[PDB]
Amino acid sequence: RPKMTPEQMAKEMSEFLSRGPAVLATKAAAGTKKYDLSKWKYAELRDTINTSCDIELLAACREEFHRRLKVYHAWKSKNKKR
Amino acid sequence: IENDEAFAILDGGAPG
């Protein structure tokens, strides 16, 4: 496993999001978010994205990364403050 | 404890 620290994993997620931004402003978002990736490990998602051959799947992973990153920031906020 | 929670957030997709 990558055995990367929480901050390290977050940094990688941001880099992937920046590399391939996904606005999802189009209807393409619908039918894609239904995919369950929150249960996929960080390493699994990384491999999935690299091996991803579908744009829909790529967007799904990007969405999971954004949501995961958001939660991470919120968690840190609680420990850092309040 | 806390570290484990962060790991889950960026691994298991847990809320923390």
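Residues numbered from 1 in each chain as written, not as in the entry; some residues may be left out. Chains lettered and ligands numbered in written order. Heavy atoms only, no water.

As deposited, the entry is annotated with solution NMR as its determination method.

Chain A is annotated in the PDB entry as Unconventional myosin-VI of Homo sapiens. Readers searching the PDB will find this entry under the title "Solution structure of human Myosin VI isoform 3 (1050-1131) in complex with Clathrin light chain a (46-61)".

## Points about the overall build of chain A
When you go through chain A residue by residue, the secondary structure sums to three helices and zero strands. Listing each helix as α and each strand as β along chain A from the N terminus yields α-α-α. By sequence separation, contacts in chain A at least 24 residues apart represent 72% of the contacts at least 6 residues apart. Carbon and sulfur atoms make up 52% of the accessible area of chain A, which totals about 6,000 Å². (Helix = DSSP H or I, 4+ residues; strand = E, 2+ residues; numbered from the N terminus. Contact = heavy atoms within 4.5 Å. Areas by Shrake-Rupley, 256 points an atom, 1.4 Å probe, with all protein chains shown as cover.)

## Some details on the interface of chain B and chain A
In this assembly, 13 residues from chain B lie in contact with 17 residues from chain A. For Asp11 of chain B, the salt bridge goes to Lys41 of chain A, with nearest N and O atoms at 3.7 Å. For the side of chain B that touches chain A, the residue count by class is six nonpolar, four polar and three charged. (Salt bridge = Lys/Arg side-chain N within 4 Å of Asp/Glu carboxyl O. Nonpolar A, V, L, I, M, F, W, Y, C, P; charged D, E, K, R; others polar.)

## Points about the packing of aromatic side chains
Residue and element names in this part refer to chain A. What the rule picks out here adds up to two aromatic pairs over all chains. Taking the centre distance of 6.4 Å and the plane angle of 35 degrees together, the rings of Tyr72 and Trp75 count as tilted. Taken as a pair, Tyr72 and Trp75 lie in helix α3 (residues 55–80) at a separation of three residues, close to a single helical turn. On the basis of relative accessibility, which here comes to 8%, the residue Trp75 falls in the buried class. (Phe/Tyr/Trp six-rings, centres within 6.5 Å; stacked < 30°, edge-to-face > 60°. Buried < 20%, exposed > 50% of the residue type's maximum accessible area, 1.4 Å probe, protein only.)

## Structural notes on the environment of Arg46 of chain A
Residues and elements named next belong to chain A. Relative to the elements of secondary structure, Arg46 occurs in helix α2 (residues 42–51). Judged by relative accessible area, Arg46 falls into the partly exposed class, the value being 39%. Distance in space between the C-alpha atoms of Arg46 and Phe16 is 9.2 Å, their sequence separation being 30 residues.

## Considering the side chain of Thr48 of chain A
Considering the arrangement of structural elements, one finds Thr48 of chain A in helix α2. Apart from the residues lying within four places of it in its own chain, the contact partners of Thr48 of chain A are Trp40, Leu57 and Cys61 of chain A.

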